[PDB]
Amino acid sequence: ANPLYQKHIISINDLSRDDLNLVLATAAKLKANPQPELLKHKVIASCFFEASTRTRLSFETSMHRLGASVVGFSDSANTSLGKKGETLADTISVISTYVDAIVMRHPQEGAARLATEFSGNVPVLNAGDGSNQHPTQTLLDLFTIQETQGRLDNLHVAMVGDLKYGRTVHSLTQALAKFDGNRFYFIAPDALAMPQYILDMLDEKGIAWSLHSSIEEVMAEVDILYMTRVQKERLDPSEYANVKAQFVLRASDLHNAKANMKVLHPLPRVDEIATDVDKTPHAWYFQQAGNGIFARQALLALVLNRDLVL
Amino acid sequence: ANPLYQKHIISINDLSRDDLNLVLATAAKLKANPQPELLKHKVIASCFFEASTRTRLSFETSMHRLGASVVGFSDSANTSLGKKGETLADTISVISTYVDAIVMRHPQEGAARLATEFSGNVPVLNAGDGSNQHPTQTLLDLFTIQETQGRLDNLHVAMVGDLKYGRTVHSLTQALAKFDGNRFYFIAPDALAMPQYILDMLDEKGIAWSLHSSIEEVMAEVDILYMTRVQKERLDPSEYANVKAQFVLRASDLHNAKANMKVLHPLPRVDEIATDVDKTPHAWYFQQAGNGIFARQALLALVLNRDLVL
Amino acid sequence: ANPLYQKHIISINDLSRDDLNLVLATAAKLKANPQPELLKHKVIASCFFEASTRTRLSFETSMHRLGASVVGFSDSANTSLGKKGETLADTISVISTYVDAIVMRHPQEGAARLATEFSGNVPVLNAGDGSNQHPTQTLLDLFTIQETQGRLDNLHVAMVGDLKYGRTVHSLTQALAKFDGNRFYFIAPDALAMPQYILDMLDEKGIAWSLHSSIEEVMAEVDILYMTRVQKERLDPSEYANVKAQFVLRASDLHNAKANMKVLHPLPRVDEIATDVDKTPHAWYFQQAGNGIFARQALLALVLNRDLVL
Amino acid sequence: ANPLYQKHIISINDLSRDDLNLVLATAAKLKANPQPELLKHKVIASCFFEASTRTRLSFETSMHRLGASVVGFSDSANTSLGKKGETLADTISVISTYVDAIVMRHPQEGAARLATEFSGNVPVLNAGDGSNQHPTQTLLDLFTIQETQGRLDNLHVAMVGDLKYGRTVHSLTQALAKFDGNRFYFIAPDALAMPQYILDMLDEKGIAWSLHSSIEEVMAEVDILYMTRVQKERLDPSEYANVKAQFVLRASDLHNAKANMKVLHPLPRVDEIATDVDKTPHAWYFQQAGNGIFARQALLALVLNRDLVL
Amino acid sequence: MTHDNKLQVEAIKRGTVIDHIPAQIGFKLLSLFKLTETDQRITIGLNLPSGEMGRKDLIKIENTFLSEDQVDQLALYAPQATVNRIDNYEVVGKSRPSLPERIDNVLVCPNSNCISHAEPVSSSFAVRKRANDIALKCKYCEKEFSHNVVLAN
Amino acid sequence: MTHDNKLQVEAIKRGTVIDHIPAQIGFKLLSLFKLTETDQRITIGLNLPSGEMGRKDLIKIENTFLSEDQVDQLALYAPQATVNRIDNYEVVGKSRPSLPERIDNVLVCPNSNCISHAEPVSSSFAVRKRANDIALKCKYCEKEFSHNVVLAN
Ligand SMILES: Nc1ccn([C@@H]2O[C@H](COP(=O)(O)OP(=O)(O)OP(=O)(O)O)[C@@H](O)[C@H]2O)c(=O)n1
Ligand SMILES: Nc1ccn([C@@H]2O[C@H](COP(=O)(O)OP(=O)(O)OP(=O)(O)O)[C@@H](O)[C@H]2O)c(=O)n1
Ligand SMILES: [Zn+2]
Ligand SMILES: [Zn+2]
């Protein structure tokens, strides 16, 4: 069967270099020659115990462009499961008798992994579990880095913002550290820096990384600028408004960038990327969100189909 | 046409022995040889004026495994119909011009029956109306009793918990009292006992029933143990924690049970069934929730198809 | 120094006959000559962690009528304490640092008595703790029986309504059993019966009691008729309304009551006592609420004053 | 007329050493002989636009202990002002039209000082303004250091906890720097460090301070140990719990503390100070809350009285 | 000598030997009454042959005299347990547990709404042999429960 | 059968002796690893006088042979213990513990947003980095903590 056939997709840590490449390969084929009746007669459950409109619609549009049916829910001040008394384990034990696959996003970490022990042979795919993991965002980021830069190794990647708590930046570094020769520049407020564990990992593999103070310091060498949003909740309004003469991106700042330099952002991009960046060649966050469709279609097709000869 | 063709499914009281058997027969066939394009081009409305995740997803997965389309809603602190001023009658009069069938769950009793007088020739199926009725739970319970025990008559059925207000236990007794020779054991807190009307009915038919004080008293003779949840709302915390040395189920208690004895629970099972029961042969509440799919598929196929030659 | 000086009025089972009569003879003196400056310069805390307007306005007015200042909060409307994880032991160890007595209502049973472990020498008076005690409602009830009947012994007292969950009928029956030759008539629907622990305590003291299903059976003999409100959520809609809602008093039923008979009701009354009853001389529910002023005044006077000159 | 007569107590940086000592010697006299009618006939407003029970009950009790009346509101529980678009300038221009002083807490920093522009001659006392000042918590802290240590200079004061966002450690360090030869020990996790602007101010005045990672390093030398609560939302779940949650005091750590050492904590304490600490003679957090009564009484006396005879 | 019994016994000099602990209450008692938080020599025997009473447990705590109050608490668990003190190599007192008046600390209120659950409080129940059983009234919520409801939770 | 005595107690007929338990880990080990839920005679020696640690604890379980990875769950608490396997009065085997790769069920994830708290799963930690000081990663939330921290609460 294909390597990922009937597999659970919970952590980027559990998918090897080749599994990542397999996904990215399939997604490039599904982008090219669509197959809209591939999951005809499958029913997938879209269990968003935590609400994400953008992520839920990317997933359900993925389910539907491969012809699958969808049952599910989202939850803010609403609809029953969990309540208190109803265990996650019993929700999954009950929903595993109804569906063919479970995509779920939950606020506590490891909820997707707990689920895997109750879904029987029904695959479960993680769409977010607290501050732990979000594999399908990493998968679409790497597909966007591969189709714009041409490769996934030997890249000069700049990571910016709340590096301490952007869950997508912790995953993306783990994954880009399975390919070879990548150099990392980490521009964060020191209140919001890369944890020592990411850094401690990167040195065992021998990867080169550096920490800078503002994007202007690396604009000239960088291929991917991955911008993250700085979270006003865990910052004082006065601290937040104080850092440097900022770390937001404007087209003036880009006058130095390489021609193939692209700016990525998992979104939402409230104010760290100004509207004038949107019209430059380097802006790629919306094209990045469209590639969510192809990355998610690839994962669902490999999980639910034994052999895909596309 | 088949007996139930274009019929309204509102109360278990209105479906005869043979109608129940017809449903159970169809469900066994749809479980065996699935027909996923049977309601191709039908649109069903899933109107949950009261939220139930488990019931809503079982129904919509039923609609989708027979190829139907779904429009609908659920409601807690949300989306418009009813509001106050908007009658249920006018909601149904408007939705009956859009869909081919209406599955609805509503908090006031008889809402499904009121609906029947406004839906024109659009069938309406009751998914819960207050404390009155829930036919499709009774239908899946009887399908689970029939496929595990082999028959629906001459059973020694034990009913446990809040017998006074479990709506599924009132229905299940009505329905099992249309088949022959069943013996009932009703183990309830006397604050929570079988109403005199169920009992008064059962004696007119000549059915044998008894009331016991704890499951341990009948464990040896029983074929179905149907466990219900005891509702802490209408009980004092001190009363609730006082009753007997309880009426919860643990595997220790099962050491006496017959080999074909199964434990059923409409779910959720918060604490009256401990986790160690889950690993015994007698545990059948999750398999019971999967049979919801087959029982609901059967009802929708018979209501919307004239003759089903499956 | 009087016996109640600086005591905690936590429970009716801690106050003796003599204690009860002392509060009731002081209530009668304050009712007759006011002492509006007796608690001058005392500051009292009125902590109602669970809102109860009726009880608060009355405790505070009687604080104001003896000249004390009041600081405090009504909550179940998020007035900030309980935030972070401030234990009740800690709140009461900070509040007793500056007030001279604490009046408190709280949702969990036992909270006033725990407050007592932390207040030092500041007396704690209980204004209600969950389904456990309410001393000051039993003290005003008693005062109203004594003032209108001339005695607290040799009474024929009927208790009507929800006798199972009604916190005040349970305490007034324990107080009246402190006295002699009282006779009880309980008239309650089957599901709202007076608990065995009350009945067992009554038997054990040789007190006479009996159950009747109609007020009409006992009207003639009755001196105090204490009516309780049934909350309809303790039963279902159709139960409440079915033959069990006839625990309602109308003026026509008073036809033959003794000239001295009084109708008492802790309130809110919603429909168990019809409005036409108010015009009769037997209606004493509002005069009973008025008497809450002198019974709470007396407890505050006796607890904060060493010696009292009357 | 005394220096504070009719002043606005908005910020600790506006009160001099002499001002501080005047409030603290008055607090000591009111603590020793009460003046319970000094503010007779004065009406004071207690405006807490952001709820804070601890602070309110204490400001109001100390108003009551000098004989003043109080009118006012606690909100963050929609008590109608702020409706339509009533600016704060307008609310304070109407409230100062009839009260003799305003005590106010508000969520935005700077609100008390703006109130000052609109009150005319009615003094405004700040009970907290966002993350900016809280004069009256620093005044009660100081009074508790002076009363237990005999002095406010030559102290060895350790500050433990979240030093970065803790509004009261920042002000007490500015007040103590008004005095002589005090020595500071800061013990904070890395993410909760004492801000540079405090440290720069300390350096510039020749005051000595040092950072330690364990209380055990400094216990022996310490006179006042001021503990702050860490709010877990300022860190993540796993950060809070990881090696950084060891800023918690237990009785065993007090082993070697000087006989005069006291533990102070503005409160709520949730777990940073274990309950066994309360039995030690060094626990002074509750006696510190009690002292809030005399420091707030003194400020109200000094601000509303021309001349004060002591 | 041998019909085994002893096999060169842990005969102690000063101490408390609690013998005839009902089987399985043996470990329960160490936990609940925190008997191992001591530095003195304890020797415990679990599931001993007690042909004479089926199975039993036995704790030997040395240079410790566990008494009066302490002995009576064990009543709820090991009601047939003989405590024996030993002053200098043999039995000096051999006490039996009697039901106490109050049971503190060890026991939880069944009442989910009782305040004892969220707070820094030591549980406390007033014991009443309501002939047939023992009822336990909580100090705080003042609800009364059979000792069997409490002894699970 | 052979001359027990009790400063160092003697001979069980076949079974396991976990000797050289540091002081006060003995009871912890009986609690955590539920060693008491056997009908076998267990004999336990607590605060005992020998083998230089000075005072040690000891557990003797007859007829049960718990081994190889059972012996290794012991490593975090009792790393210097010896687990003597015995047949017919002779120590036919002596093991010590080594860090296991996985410690199930006994620990509690310190991350409070971990899902493990609320559910019918048991804890599981991946273990690593011998004697310079152990890190434990939760199976579910994948947060790596210092063993000192999980082992506190
Ligand atoms: N120096 C001693 C003396 C007595 N014991 C213990 O103290 C207990 C006292 O029991 P004893 O009165 O000596 O004879 P028994 O018949 O066993 O007492 P009982 O009637 O309670 O069974 C015995 O378990 C014995 O091991 C001891 O350990 N060391
Ligand atoms: N049938 C036996 C034989 C021995 N032991 C126990 O086995 C343990 C240790 O085994 P042993 O090699 O016989 O003594 P040591 O040489 O001291 O073992 P080590 O040096 O590893 O501590 C001792 O505590 C002793 O009580 C036992 O209880 N039963
Ligand atoms: Zn209790
Ligand atoms: Zn975890």
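Lettering follows sequence order; numbering is per chain, from 1.
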Quiz item: How many angstroms lie between OG1 in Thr148(C) and CD in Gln288(C), if you round to the nearest 0.5 Å?
Solution: 9.5 Å

Quiz item: Can a donor-acceptor pair be found between the side chains of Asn132(C) and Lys143(E) at a distance below 3.5 Å?
Solution: no

Quiz item: Going by heavy atoms in the side chains, are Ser69(C) and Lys42(C) under 4.5 Å from each other?
Solution: no

Self-check item: Between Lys232(C) and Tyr240(C), a side-chain donor and acceptor under 3.5 Å
Solution: no

Quiz prompt | SB check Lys84(C) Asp90(C) (cutoff 4.0 Å) | solution = no

Quiz item: How about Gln35(C) and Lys29(C): do any of their side-chain heavy atoms sit closer than 4.5 Å?
Solution: no

Quiz item: Does the side chain of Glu109(C) reach to within under 4.5 Å of the side chain of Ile115(E), using non-hydrogen atoms?
Solution: no

Exercise. Tell me yes or no: between the side chains of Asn21(C) and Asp18(C), is some donor less than 3.5 Å from an acceptor?
Key: no

Exercise. For the residue pair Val103(D) and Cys47(D), establish whether any side-chain heavy-atom pair is separated by less than 4.5 Å.
Key: no

Practice problem: Would you check, one step at a time, whether the test side chain to side chain contact (heavy atoms under 4.5 Å, CB included) holds for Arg65(D) with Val43(C)? | Solution: CA-CA 8 Å; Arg65(D) 301 219 106 137; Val43(C) 175; 3.9 Å; yes

Self-check item: Between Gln6(C) and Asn121(C): side-chain donor-acceptor atoms closer than 3.5 Å
Solution: no

Exercise. Please determine which of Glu60(C), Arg105(C), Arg56(C) meets the side chain to side chain donor-acceptor pair (under 3.5 Å) test together with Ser46(C).
Key: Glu60(C)

Quiz item: Heavy atoms, side chains only, cut-off 4.5 Å: are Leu304(C) and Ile44(C) in contact?
Solution: yes

Self-check item: Spatial distance of atom NE2 (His265(D)) from atom OH (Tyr285(D)) [nearest 0.5 Å]
Solution: 9.0 Å

Exercise. Give, for atom OG of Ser62(C) and atom CD1 of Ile293(C), the distance between the pair rounded to the nearest 0.5 Å.
Key: 4.5 Å

Self-check item: Electrostatic pair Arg269(D)-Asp278(D), nearest N-O below 4.0 angstrom
Solution: yes

Quiz prompt | Pair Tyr226(C), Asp141(C): side-chain N/O donor-acceptor within cut-off below 3.5 Å | solution = yes

Practice problem: For side-chain hydrogen bond (donor to acceptor under 3.5 Å, both in side chains), just list the numbers for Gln108(C) and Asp129(C), CA-CA rounded to whole Å, side-chain angles, deciding distance to a tenth of an Å, and then say yes or no. | Solution: CA-CA 6 Å; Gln108(C) 287 166 269; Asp129(C) 57 331; over 6 Å; no

Quiz item: Roughly how far apart are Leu125(C) CG and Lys7(C) NZ, rounded to 0.5 Å?
Solution: 12.0 Å

Quiz item: Any side-chain donor-acceptor pair under 3.5 Å between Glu142(E) and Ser11(C)?
Solution: yes

Quiz item: So how far is it from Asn305(C) CG to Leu39(C) CG, rounded to the nearest 0.5 Å?
Solution: 6.5 Å

Quiz item: Just checking, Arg113(C) and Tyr140(E): is the charged tip under 6.0 Å from the six-membered ring centre and within 45° of the axis?
Solution: no

Quiz item: Any chance the rings of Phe125(E) and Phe145(E) have centres within less than 6.0 Å?
Solution: no

Quiz item: Does the side chain of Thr144(C) reach to within under 4.5 Å of the side chain of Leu264(C), using non-hydrogen atoms?
Solution: yes

Practice problem: Can you label the angle between the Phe73(D) ring and the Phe49(D) ring as parallel, tilted or perpendicular, going by 30° and 60°? | Solution: perpendicular

Quiz item: Could you state the interatomic distance from CG (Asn126(C)) to CD1 (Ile10(C)), rounded to the nearest 0.5 Å?
Solution: 5.5 Å

Quiz prompt | Between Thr168(D) and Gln137(D), a side-chain donor and acceptor under 3.5 Å | solution = no

Quiz prompt | Side-chain touch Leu249(C)/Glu272(C), heavy atoms, less than 4.5 angstrom | solution = no

